[PDB]
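>>> first chunk of the complex, coordinates as they sit in the assembly:
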Amino acid sequence: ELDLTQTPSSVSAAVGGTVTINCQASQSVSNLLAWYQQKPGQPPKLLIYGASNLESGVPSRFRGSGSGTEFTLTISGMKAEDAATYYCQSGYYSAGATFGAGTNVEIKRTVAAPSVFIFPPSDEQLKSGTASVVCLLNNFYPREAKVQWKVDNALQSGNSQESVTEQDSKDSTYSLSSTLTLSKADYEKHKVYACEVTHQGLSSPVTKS
Amino acid sequence: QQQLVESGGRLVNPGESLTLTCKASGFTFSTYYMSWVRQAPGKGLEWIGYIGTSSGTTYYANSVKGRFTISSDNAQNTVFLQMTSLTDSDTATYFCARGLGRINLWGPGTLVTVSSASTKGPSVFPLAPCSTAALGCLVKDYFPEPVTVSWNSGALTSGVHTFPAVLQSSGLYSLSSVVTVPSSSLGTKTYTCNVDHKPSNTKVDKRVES
């Protein structure tokens, strides 16, 4: 039909930095192109329409240009809030309307190490047959971390799941929860417990119990 | 305060049919393109169809054309997405949107899940702390998505991390919401998880305690 190829997959920058995103079309479109921003849990926001026309309320740092099959989007002075996914879209009365694959934008940041917590399974969940134990990593950069569970006393693995938040809009950091689930009895016999974290921000990995 | 609000999103069996509705508030119809745009979990946006309120003319995407159809009630400022022969690939959040090429207005979206699994309500367990300290609520073993969590009915937003849910081995979603607060305030101020699971119509408030 109509193919909108959007490149690259992801781009990174620090505050004040500049980022450029490309959209290229299988057919001509004649300045009928639009740029959208989307943060997780939210609908997209209209940034650019036509190819250059800036929707009201939107900072001038956002720059749209192009024509025929070549389009570009440049965020010039970059704030923490710009961290989102951005999409190129072309829509015409008929036929059709199509989006790009999107492009993820990360904010480069001063390295920050996570604040580590560890949580007890509640009495109530223990009344039931199961027991989950969570380890919390808070506000850290960069995204990459290593978490490993051990207690009484080693390498309990294949039974954990981890979820990671999106990058914060204010401090450009991430956070992550790792959860280890086991039957009641297994954990039940054992008493104290511990989680282990390896991150660029920390000198030697941290164990919280 | 011009709004778009979607409804109808629920859990459906494959091969069945479903009808989503978008209602607009605070503006004339009129005069506009109404498009539906969906987004599968963790994927990109996919436009799927539009209707011109005035024209009555509809256009559908190839991924959808055979089985979906769009209608309107201008008098009631409402658009109907009527879906049939649903497959697993249709599982997504569906957005009612104002426009075709220029989309100034979006709904928050309604989540459609095409599955043979049954609706299960979440169990809420307190994540108890042990200066600044973290505490949480654990929303476990629910299906389908999604679950919204707030703290003290929206009074507490600062430093709150509600994690993206993960599909467990059991086939049920699980999620954690956490918050950093002063340790001193553990005895005095009252912290409650406000958990809402719309697909089950489940609402739970749970006072987390040390």
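Ah, there it is. Numbers count the residues shown, from 1 in each chain, chains lettered A, B, ... in the order given.
>>> what about residue 167, how many residues nearby?
The chain I'm using is chain A. By other C-beta atoms under 10 Å in any protein chain shown, 22 other residues sit near residue A:167. Quick note: C-beta positions are derived from backbone N, CA and C, even for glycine.
>>> switch to chain B, that's the one I care about
Neighbours of residue B:167 under the rule other C-beta under 10 Å: 13.
>>> verify the stated contact: it with residue B:173.
Yes - counting by C-beta atoms under 8 Å, residue B:167 does reach residue B:173; the two are 6.0 Å apart.
>>> these two touch, right, residue A:31 and residue A:67?
Yes - between residue A:31 and residue A:67 there is a contact under C-beta under 8 Å: 5.6 Å.
>>> shared neighbours, those two?
residue A:51 (C-beta atoms under 8 Å, 6 or more residues apart in numbering or on different chains).
>>> quick one, which of the two is more surrounded?
Set side by side, residue A:31 and residue A:67 show more neighbours around residue A:31, with 17 against 13, by other C-beta under 10 Å.
>>> residue contacts, residue A:52?
Residue A:52 makes contact with A:31, A:64-65 under the criterion C-beta under 8 Å, 6+ apart.
>>> quick check: it vs chain B, distance?
In this view, residue A:52 and chain B are 13 Å apart by C-beta to the nearest C-beta, to the nearest Å.
>>> again with residue A:94
5 Å.
>>> tell me the bridge partners for the residue nearest to residue B:101 when sequence neighbours are not counted.
In space, and not counting its chain neighbours, residue B:101 is closest to residue A:91: 3.2 Å by C-beta to C-beta, 6 or more residues apart in numbering or on different chains. Residue A:91 has these beta-bridge partners by DSSP bridges: residue A:97.
>>> okay, now the domains of chain B?
B:1-116, B:117-210 (curated CATH domains).
>>> dump those to a markdown table, plus distance to residue A:49.
Formatted as a markdown table, the domains of chain B follow (distance: least, C-beta to C-beta, whole Å):
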| stretch | distance to residue A:49 |
| --- | --- |
| domain B:1-116 | 4 |
| domain B:117-210 | 30 |
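>>> got a list of what residue B:19 touches?
For residue B:19, the contact set (C-beta under 8 Å, 6+ apart) comprises B:8, B:80-83.
>>> for it, list each beta-bridge partner.
Under the criterion used here (DSSP bridges), residue B:19 is bridged to residue B:82.
>>> do the same with the one 5 residues further on
Legend: beta-bridge partners of residue B:24 under DSSP bridges are residue B:4.
>>> contacts only, for the residue of chain A found nearest chain B.
Residue of chain A nearest chain B, by C-beta to the nearest C-beta: residue A:91 (3.2 Å). Residue A:91 makes contacts with A:32, A:34, A:97-98, B:35, B:47, B:99-103, as judged by C-beta under 8 Å, 6+ apart.
>>> here is chain C, add it in:
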Amino acid sequence: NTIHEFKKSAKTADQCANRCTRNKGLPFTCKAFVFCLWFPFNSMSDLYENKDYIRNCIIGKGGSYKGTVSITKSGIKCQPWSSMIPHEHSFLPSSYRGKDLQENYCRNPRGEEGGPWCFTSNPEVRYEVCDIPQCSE
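To build on what is shown above, here is chain C added in:
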């Protein structure tokens, strides 16, 4: 020169318009012309029609208006019907024949109670009713 004062429909010079404007050497009143050659009859009976013989007046709803007014009551310049910018819409001439949707001329293709309106060139205002006097006024 005198082409300025003509409702020109393209694809359908100054000497022609001038000699039509003066009615110099004409056995009638020159209501229209093509670029040249003249007529004592317009399309209502490159084409150029005299705005004196284009009724700048309407009845109630004004479904058969065809003037050249292109301003809103707020005084905003109308957006061309060919353009989707700033505002996109389903009002192509192929969907609407004889209703005359060209340039940015005020129009009322569906006999709205508002009378003729236009799409503004202001992005924030999609469409506004053009201020047009009725004959009865």
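>>> so, the contacts of residue A:91 revisited with chain C in the model?
Contacts of residue A:91 by C-beta under 8 Å, 6+ apart are A:32, A:34, A:97-98, B:35, B:47, B:99-103, C:88.
>>> what do you get if the cut-off is 10 Å, keeping everything else the same?
Taking C-beta atoms under 10 Å, 6 or more residues apart in numbering or on different chains, we find residue A:91 in contact with A:29, A:32-34, A:49, A:97-99, B:33, B:35, B:47, B:50, B:99-103, C:84, C:88.
>>> apply the buried test to those residues and list what passes.
With neighbours counted using 16 or more other C-beta atoms under 10 Å in any protein chain shown, those contain these buried positions: A:29, A:32-34, A:49, A:97-99, B:33, B:35, B:47, B:50, B:99-103, C:84, C:88.
>>> please name the nearest non-neighbouring residue to the residue most central in space within chain A.
For chain A, the residue sitting closest to the mean C-alpha position, by C-alpha atoms, centre = their mean, is residue A:166 at 3.7 Å. Using C-beta to C-beta, 6+ apart and skipping residues adjacent in sequence, the residue nearest residue A:166 is residue A:40, 4.5 Å away.
>>> quick one: that neighbour and residue A:109, what's the gap?
Here the criterion is C-beta to C-beta, to the nearest Å. By it, residue A:40 lies 18 Å from residue A:109.
>>> how about residue A:117?
On the measure of C-beta to C-beta, residue A:117 and residue A:109 end up 21 Å apart.
>>> settle it for me: which of the two has more neighbours?
residue A:117 (23 against 20).
>>> isn't that one right next to residue B:127, touching?
Yes - when contacts are counted by C-beta atoms under 10 Å, residue A:117 is listed as touching residue B:127 (8.9 Å).
>>> so what sits against both of the two?
With C-beta under 10 Å, 6+ apart, residue A:117 and residue B:127 have common neighbours A:134, A:136, A:177, B:134-136, B:178.
>>> ok so, going back, you'd agree the residue nearest to residue A:166 is up against residue B:164?
Yes - counting by C-beta under 10 Å, residue A:40 does reach residue B:164; the two are 7.5 Å apart.
>>> what about those two, which has more around it?
The neighbour comparison of residue A:40 against residue B:164 (other C-beta under 10 Å) goes to residue B:164, with 17 against 11.
>>> returning to what we had before: got a list of what the residue nearest to residue A:166 touches?
Taking C-beta under 10 Å, 6+ apart, we find residue A:40 in contact with A:84-85, A:165-167, B:42, B:164.
>>> what is the nearest of those to chain C?
Nearest to chain C among the contacts of residue A:40, with distances taken as C-beta to the nearest C-beta, is residue A:84, at 22.9 Å.
>>> so what's the closest one up against?
Applying C-beta under 10 Å, 6+ apart, we find residue A:84 in contact with A:36-40, A:42, A:44-45, A:102-107, A:166-167, A:169.
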